[PDB]
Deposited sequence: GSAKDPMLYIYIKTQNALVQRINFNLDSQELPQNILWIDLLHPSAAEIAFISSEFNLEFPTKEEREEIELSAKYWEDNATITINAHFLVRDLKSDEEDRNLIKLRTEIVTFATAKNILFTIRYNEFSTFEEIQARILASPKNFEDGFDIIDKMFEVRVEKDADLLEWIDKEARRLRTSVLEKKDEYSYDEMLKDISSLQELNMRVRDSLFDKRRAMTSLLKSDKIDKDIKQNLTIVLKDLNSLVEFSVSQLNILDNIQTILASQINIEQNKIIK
């Protein structure tokens, strides 16, 4: 049950404070508040200090569980999509929220993609003026990590493509089918993860809480995201065709 507060320092750098809710005093110049394994104390803390609640039924608005983006006059909420090990992956969701120009992330597990997000924010030369600048950089880091995963699948697909097409350096036909099937699932999960981030960034673009600097950056990430979706689709066709060729060999032989 941990609470990390990221502040903009006097020297215009970011510093991470391991914050103790029950005793310590709140810092100045907060950029981003990270809640890991929150208990009712941490949930009570952000509500009492930043007016941040998450009921699924309220009087003022119809809350739709069939969306992953919600915005009222003061806050934006995003249930953001991540992939974590279950190689077999599974969906992990992190709640993002904005209040008083501060980014909030609420997470229930620690996973490697979020550690990479932490390291990049702490080491970026970018000057973050508020929490909206943070989420801007996070979307960029998240699309890169999805790209690295498509690249890894690409390496594995080329090895399989060579092995099956030229019938050279093959192993167990069943084992090759297991791998192809595993890569197909990874490809499908990353593409869907990329679709989720497209919908969120596009909804952020419409907010008037987001200044022109962030909208320009989200647009650049969106173009690259689209490139990765194209790459993922070409890649899945290759995997499906390797599976078809491999099944053809089993049956013919």
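Note: segments 1-5, 92-101, 269-274 of the deposited sequence have no C-alpha coordinates in the structure.
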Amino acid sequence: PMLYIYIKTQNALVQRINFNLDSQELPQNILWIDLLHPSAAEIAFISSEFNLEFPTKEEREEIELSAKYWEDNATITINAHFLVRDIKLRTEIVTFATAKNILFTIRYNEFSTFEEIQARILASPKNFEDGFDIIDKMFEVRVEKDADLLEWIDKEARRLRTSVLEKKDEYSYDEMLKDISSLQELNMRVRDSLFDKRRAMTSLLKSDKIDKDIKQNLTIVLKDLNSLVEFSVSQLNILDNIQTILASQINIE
From here on, numbers count along this sequence of modelled residues.
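Legend: mean Cα B-factor per stretch from the PDB entry, 187-195 versus 24-32; the higher mean is in 24-32. Across the two stretches, 230-238 and 7-15, the PDB entry reports the greater mean Cα temperature factor for 7-15. Comparing the listed residues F82, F96, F128, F139, the entry records the largest Cα B-factor for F128. Within the selection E71, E151, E92, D86, the deposited Cα B-factor values reach their highest point at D86.
Sorting the modelled residues of the chain by their CA temperature factor places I106 in the middle third. In this PDB entry, the Cα temperature factor of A200 sits in the bottom third of its chain's modelled residues, the lowest group. Residue-level temperature factors show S66 in the lowest third of its chain, judged at the C-alpha atom. Split the chain's modelled residues into thirds by C-alpha temperature factor. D146 is in the lowest one. Placement of the Cα temperature factor of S172 within the chain: highest third of the modelled residues, per the deposited record.
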